[PDB]
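Asker: Sharing a structure, written as structure tokens. Questions coming.
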Amino acid sequence: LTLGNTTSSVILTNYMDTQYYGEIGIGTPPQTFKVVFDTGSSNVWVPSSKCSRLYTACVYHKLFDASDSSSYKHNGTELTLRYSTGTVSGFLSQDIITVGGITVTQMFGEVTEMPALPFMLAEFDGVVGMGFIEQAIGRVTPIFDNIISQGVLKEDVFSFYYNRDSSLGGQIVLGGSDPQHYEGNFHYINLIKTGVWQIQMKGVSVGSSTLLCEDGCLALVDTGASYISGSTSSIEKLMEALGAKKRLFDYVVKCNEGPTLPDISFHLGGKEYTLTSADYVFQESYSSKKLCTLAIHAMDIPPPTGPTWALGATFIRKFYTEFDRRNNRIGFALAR
Ligand SMILES: CC(C)CC(CC(C)C)NC(=O)[C@@H]1CNC[C@H](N2CC(=O)N(c3ccccc3Cl)CC2(C)C)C1
Ligand SMILES: *[C@@H]1O[C@H](CO)[C@@H](O)[C@H](O)[C@H]1NC(C)=O
């Protein structure tokens with residue numbers, strides 16, 4: 001592990017409080033793409049120009065064209081990323097990727113098959129996994145690992161900051177953290193094991209009456225997830241306590257009832273991380289004649305990683321998050 005002095009930052013744009021993306025450039029000359037940085041995965045991919053135009057999502061996004069890059073390096077082995085909410089498929093390619101000022105040769109997948117649902121709903125073009133190589137599909141070295149191999153980063157860590165206003169939309173600091181966006185001290189929790197940004201969660205409290213995860217649970221700290229999620233079983237009890245009713249994909253409460261929802265706390269490493277209704281309710285109205293969505297979904301992640309809760313933007317918006325790769329821990333601090 002070689003440590004330099006360079007720390008870099010990627011300015012993120014906030015889309016509806018659900019999607020936080022930044023720009024990266026691939027090839028020579030650079031072909032820019034909008035991508036989300038997902039600690040819940042380890043691969044990098046952008047839509048390919050070789051993607052059949054019958055995939056409308058490809059018609060509605062920036063396509064990487066290898067024929068215009070002089071740095072491109074062919075490989076072609078097939079690749080399929082099966083995410084929780086959808087799947088993408090294509091092949092592996094190599095070229096120079098610029099991110100936050102750093103130029104690194106990277107193996108990424110050129111997606112040639114990306115379904116309308118959910119990708120048509122995607123503001124971003126691709127994804128940059130910030131997970132360990134252990135979670136990488138196709139055994140492809142993660143872009144951060146490669147950057148660390150350059151020995152330019154001052155620290156073997158990166159931090160995320162998600163702003164509330166959908167000003168700066170968000171900010172990722174590679175090689176450290178930005179004290180401008182957090183106050184108080186960082187409080188760390190150790191990873192259940194290296195290879196996954198998952199930590200032990202001692203318990204989830206809702207208001208004063210209910211207590212979920214009383215025997216412990218797993219908490220994946222997911223920068224690529226918009227909401228906070230728990231096993232269907234957990235969310236049912238949780239939502240029961242909130243008085244919310246379940247629709248096809250999310251939960252909602254009559255907007256007038258929104259402001260009076262109880263607090264929800266997540267016990268992590270001996271520190272109570274609390275959210276208020278304003279933290280998880282999309283309060284777009286106060287009338288009883290309208291339904292307000294909750295930023296908490298139900299999602300059952302399969303073993304070996306699941307069952308587990310997922311702490312996404314809903315959580316990260318309030319708590320500045322630092323991902324420490326050298327000490328295999330995650331640190332939280334109050335965002336500002
Ligand atoms: C469950 C984990 C541990 C593994 C799994 C897959 C693995 C092969 C990495 N990881 C994930 O699924 C990722 C977990 N973190 C979130 C991530 N998002 C899913 C999603 O719904 N996205 C999205 C957001 C808004 C609009 C449209 C879309 Cl597509 C984008 C990404 C892919 C970043 C998938
Ligand atoms: C793709 O890269 C792998 C190494 O990661 C290599 O073994 C393989 O031959 C490459 N694909 C080809 C045939 O270009």
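If you're wondering about the labels, chains in the structure tokens are A, B, ... by order shown, residues count from 1 in each chain, ligands from 1 in order shown.
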If we count only C-alpha atoms, what is near residue 77 of chain A at a cut-off of 10 Å, once residues fewer than 2 positions away on the same chain are taken out, given as a list in words?

Answerer: residues 74, 75, 79, 90, 91, 92, 93, 109 and 138 of chain A

Asker: Give me the residues within 12 Å of residue 196 of chain A as a PyMOL selection string, counting only C-alpha atoms and dropping any in the same chain fewer than 4 places off.

Answerer: chain A and resi 38-42+129-136+190-192+200+218-222+304-306+323-325+328-330

Asker: Quick one: write out the picked residues with N, CA, C and O atoms as a compact mmCIF listing (two decimals), in the first residue's frame?

Answerer:
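For reference, out13.txt as written:
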```txt
# COMPACT_ATOMS: atom_id res chain seq x y z
N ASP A 38 -21.79 3.40 -6.60
CA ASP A 38 -22.44 2.39 -5.78
C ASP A 38 -21.53 1.50 -4.94
O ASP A 38 -20.83 0.64 -5.46
N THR A 39 -21.56 1.70 -3.62
CA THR A 39 -20.75 0.89 -2.72
C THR A 39 -21.37 -0.50 -2.59
O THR A 39 -20.79 -1.40 -1.99
N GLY A 40 -22.55 -0.66 -3.18
CA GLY A 40 -23.23 -1.94 -3.12
C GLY A 40 -22.87 -2.88 -4.26
O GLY A 40 -23.48 -3.95 -4.40
N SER A 41 -21.91 -2.49 -5.08
CA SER A 41 -21.45 -3.31 -6.21
C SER A 41 -20.01 -2.91 -6.53
O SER A 41 -19.54 -1.89 -6.06
N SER A 42 -19.33 -3.71 -7.35
CA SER A 42 -17.93 -3.42 -7.66
C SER A 42 -17.57 -3.29 -9.12
O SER A 42 -16.39 -3.12 -9.45
N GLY A 129 -19.03 0.94 -9.49
CA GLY A 129 -19.07 0.23 -8.23
C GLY A 129 -17.93 0.63 -7.32
O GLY A 129 -16.79 0.72 -7.77
N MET A 130 -18.23 0.88 -6.05
CA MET A 130 -17.21 1.25 -5.08
C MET A 130 -17.07 0.14 -4.05
O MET A 130 -16.69 0.37 -2.91
N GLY A 131 -17.39 -1.09 -4.46
CA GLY A 131 -17.29 -2.22 -3.56
C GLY A 131 -15.97 -2.95 -3.71
O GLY A 131 -15.19 -2.65 -4.61
N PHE A 132 -15.72 -3.91 -2.82
CA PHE A 132 -14.47 -4.69 -2.87
C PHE A 132 -14.48 -5.63 -4.07
O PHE A 132 -15.53 -5.96 -4.61
N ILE A 133 -13.29 -6.06 -4.48
CA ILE A 133 -13.18 -6.97 -5.60
C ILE A 133 -13.96 -8.26 -5.33
O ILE A 133 -14.41 -8.92 -6.26
N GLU A 134 -14.15 -8.60 -4.06
CA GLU A 134 -14.88 -9.81 -3.69
C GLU A 134 -16.31 -9.84 -4.23
O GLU A 134 -16.89 -10.91 -4.41
N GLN A 135 -16.88 -8.66 -4.47
CA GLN A 135 -18.25 -8.55 -4.98
C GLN A 135 -18.29 -8.28 -6.49
O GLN A 135 -19.36 -8.28 -7.10
N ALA A 136 -17.12 -8.05 -7.08
CA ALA A 136 -17.05 -7.78 -8.51
C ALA A 136 -17.45 -9.01 -9.31
O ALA A 136 -17.05 -10.13 -9.00
N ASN A 190 -16.86 -1.79 12.59
CA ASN A 190 -16.09 -2.69 11.74
C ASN A 190 -16.96 -3.49 10.79
O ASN A 190 -18.11 -3.81 11.08
N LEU A 191 -16.39 -3.80 9.63
CA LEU A 191 -17.10 -4.58 8.64
C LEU A 191 -17.21 -6.00 9.18
O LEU A 191 -16.29 -6.49 9.83
N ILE A 192 -18.34 -6.64 8.93
CA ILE A 192 -18.54 -8.01 9.37
C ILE A 192 -17.38 -8.83 8.80
O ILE A 192 -16.97 -9.83 9.38
N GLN A 200 -22.45 -4.73 11.34
CA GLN A 200 -23.40 -5.28 12.28
C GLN A 200 -24.29 -4.13 12.75
O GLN A 200 -23.81 -3.02 12.95
N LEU A 218 -27.97 -7.25 9.92
CA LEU A 218 -26.87 -6.81 9.09
C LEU A 218 -27.31 -5.51 8.44
O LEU A 218 -28.49 -5.34 8.12
N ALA A 219 -26.37 -4.60 8.25
CA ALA A 219 -26.66 -3.33 7.61
C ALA A 219 -25.65 -3.02 6.52
O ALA A 219 -24.48 -2.75 6.79
N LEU A 220 -26.10 -3.09 5.27
CA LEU A 220 -25.25 -2.78 4.13
C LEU A 220 -25.29 -1.26 3.97
O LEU A 220 -26.37 -0.67 3.90
N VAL A 221 -24.12 -0.62 3.95
CA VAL A 221 -24.08 0.84 3.78
C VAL A 221 -23.97 1.07 2.27
O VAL A 221 -22.89 1.07 1.70
N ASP A 222 -25.14 1.27 1.66
CA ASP A 222 -25.30 1.42 0.22
C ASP A 222 -25.45 2.83 -0.37
O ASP A 222 -26.53 3.42 -0.34
N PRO A 304 -25.16 -15.00 0.16
CA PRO A 304 -24.58 -14.92 1.50
C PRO A 304 -24.72 -13.55 2.16
O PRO A 304 -24.60 -13.42 3.38
N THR A 305 -24.97 -12.52 1.36
CA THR A 305 -25.09 -11.16 1.89
C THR A 305 -26.38 -10.87 2.65
O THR A 305 -26.38 -10.05 3.57
N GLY A 306 -27.47 -11.53 2.27
CA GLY A 306 -28.73 -11.29 2.95
C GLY A 306 -29.19 -12.43 3.84
O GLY A 306 -28.59 -13.51 3.82
N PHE A 323 -15.73 5.56 3.97
CA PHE A 323 -15.49 4.14 3.79
C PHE A 323 -13.98 3.92 3.90
O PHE A 323 -13.21 4.35 3.04
N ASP A 324 -13.57 3.26 4.98
CA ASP A 324 -12.17 2.99 5.25
C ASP A 324 -11.77 1.60 4.78
O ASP A 324 -12.17 0.60 5.37
N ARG A 325 -10.96 1.53 3.73
CA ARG A 325 -10.51 0.26 3.19
C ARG A 325 -9.30 -0.31 3.92
O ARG A 325 -9.12 -1.53 3.97
N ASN A 328 -10.85 -1.63 7.23
CA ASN A 328 -12.10 -2.36 7.04
C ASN A 328 -13.23 -1.89 7.96
O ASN A 328 -13.89 -2.70 8.62
N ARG A 329 -13.44 -0.58 8.01
CA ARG A 329 -14.48 0.00 8.84
C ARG A 329 -15.18 1.12 8.10
O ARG A 329 -14.70 1.61 7.07
N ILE A 330 -16.33 1.52 8.62
CA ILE A 330 -17.12 2.60 8.05
C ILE A 330 -17.33 3.61 9.17
O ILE A 330 -17.67 3.24 10.30
```

Asker: From a backbone DSSP assignment, name each residue in segment 86-121 of chain A labelled strand (DSSP E), as a ChimeraX atom specification.

Answerer: /A:86-99,102-113

Asker: Put those residues in a file: C-alpha atoms, as an mmCIF file, in the first residue's frame.

Answerer:
```cif
data_model
loop_
_atom_site.group_PDB
_atom_site.id
_atom_site.type_symbol
_atom_site.label_atom_id
_atom_site.label_comp_id
_atom_site.auth_asym_id
_atom_site.auth_seq_id
_atom_site.Cartn_x
_atom_site.Cartn_y
_atom_site.Cartn_z
ATOM 1 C CA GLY A 86 -32.917 -5.044 -12.533
ATOM 2 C CA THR A 87 -30.249 -6.529 -14.786
ATOM 3 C CA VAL A 88 -27.770 -5.356 -17.431
ATOM 4 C CA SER A 89 -25.642 -7.396 -19.819
ATOM 5 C CA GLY A 90 -22.794 -6.902 -22.253
ATOM 6 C CA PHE A 91 -19.073 -7.510 -22.580
ATOM 7 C CA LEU A 92 -15.802 -6.330 -21.036
ATOM 8 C CA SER A 93 -13.659 -3.573 -22.538
ATOM 9 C CA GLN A 94 -10.667 -1.543 -21.372
ATOM 10 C CA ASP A 95 -9.767 2.109 -21.771
ATOM 11 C CA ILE A 96 -8.666 5.132 -19.745
ATOM 12 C CA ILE A 97 -11.287 6.472 -17.344
ATOM 13 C CA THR A 98 -10.994 9.904 -15.819
ATOM 14 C CA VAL A 99 -12.723 10.516 -12.527
ATOM 15 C CA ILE A 102 -7.532 10.982 -11.733
ATOM 16 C CA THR A 103 -6.762 9.064 -14.920
ATOM 17 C CA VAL A 104 -6.832 5.290 -14.538
ATOM 18 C CA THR A 105 -6.897 2.428 -17.040
ATOM 19 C CA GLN A 106 -10.015 0.435 -16.251
ATOM 20 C CA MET A 107 -11.830 -2.728 -17.238
ATOM 21 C CA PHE A 108 -15.478 -1.841 -17.656
ATOM 22 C CA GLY A 109 -18.472 -3.489 -19.220
ATOM 23 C CA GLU A 110 -20.068 -2.119 -22.367
ATOM 24 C CA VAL A 111 -23.740 -2.872 -21.790
ATOM 25 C CA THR A 112 -25.530 -4.039 -24.928
ATOM 26 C CA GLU A 113 -28.727 -5.031 -23.139
#
```

Asker: So the first atom is atom 10 (N, counted along the ligand's line) of ligand 1 and the second is atom CA of residue 296 of chain A; what is the distance between them in Å, to one decimal place?

Answerer: 17.0 Å

Asker: May I ask you to write as a list in words all residues lying at most 6 Å from ligand 1, with only C-alpha atoms and all ligand atoms counted?

Answerer: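 Residues lying within 6 Å of ligand 1: residues 19, 38, 40, 41, 81, 82, 83, 84, 85, 118, 119, 121, 122, 127, 135, 222, 224, 225, 301 and 305 of chain A.
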
Asker: Grab the atom CA of residue 238 of chain A to atom CA of residue 197 of chain A distance for me, in Å with one decimal place.

Answerer: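 Computed distance, atom CA of residue 238 of chain A to atom CA of residue 197 of chain A, equals 23.9 Å.
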
Asker: For the atom pair atom 2 (O, counted along the ligand's line) of ligand 2 and atom CA of residue 126 of chain A, what is the interatomic distance in Å to one decimal place?

Answerer: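 Straight-line distance from atom 2 (O, counted along the ligand's line) of ligand 2 to atom CA of residue 126 of chain A works out to 20.9 Å.
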
Asker: Please extract the residues of segment 41-223 of chain A with a backbone DSSP assignment of helix (DSSP H, G or I) and present them as number ranges by chain.

Answerer: A: 56-59, 66-68, 116-119, 133-135, 137-139, 143-148, 179-181

Asker: Restricting the calculation to only C-alpha atoms: of A:194, A:171, A:163, A:48, which residue gets closest to residue 318 of chain A?

Answerer: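 Checking each of A:194, A:171, A:163, A:48 against residue 318 of chain A, counting only C-alpha atoms, the winner is A:163.
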
Asker: Counting only C-alpha atoms and all ligand atoms, figure out which residue out of A:316, A:252, A:206, A:137 gets nearest to ligand 2.

Answerer: A:137

Asker: List the neighbours of residue 278 of chain A out to 9 Å using only C-alpha atoms; skip same-chain residues closer than 5 positions along the sequence, and give me the result as a ChimeraX atom specification.

Answerer: /A:258-259,261,283

Asker: Suppose we keep N, CA and C atoms; can you now write the selection as a PDB file, in the first residue's frame?

Answerer:
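The new file selection-v1.pdb reads:
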```pdb
ATOM      1  N   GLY A 258     -48.037  12.840   7.726  1.00  0.00           N
ATOM      2  CA  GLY A 258     -46.591  12.802   7.583  1.00  0.00           C
ATOM      3  C   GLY A 258     -45.759  13.376   8.715  1.00  0.00           C
ATOM      4  N   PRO A 259     -45.876  14.687   8.992  1.00  0.00           N
ATOM      5  CA  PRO A 259     -45.141  15.398  10.045  1.00  0.00           C
ATOM      6  C   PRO A 259     -45.222  14.817  11.457  1.00  0.00           C
ATOM      7  N   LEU A 261     -45.117  11.419  12.142  1.00  0.00           N
ATOM      8  CA  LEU A 261     -44.568  10.075  12.210  1.00  0.00           C
ATOM      9  C   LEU A 261     -43.431  10.066  13.230  1.00  0.00           C
ATOM     10  N   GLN A 283     -42.357  14.988   2.101  1.00  0.00           N
ATOM     11  CA  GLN A 283     -43.438  15.907   2.435  1.00  0.00           C
ATOM     12  C   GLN A 283     -43.658  16.953   1.336  1.00  0.00           C
TER      13      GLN A 283
END
```
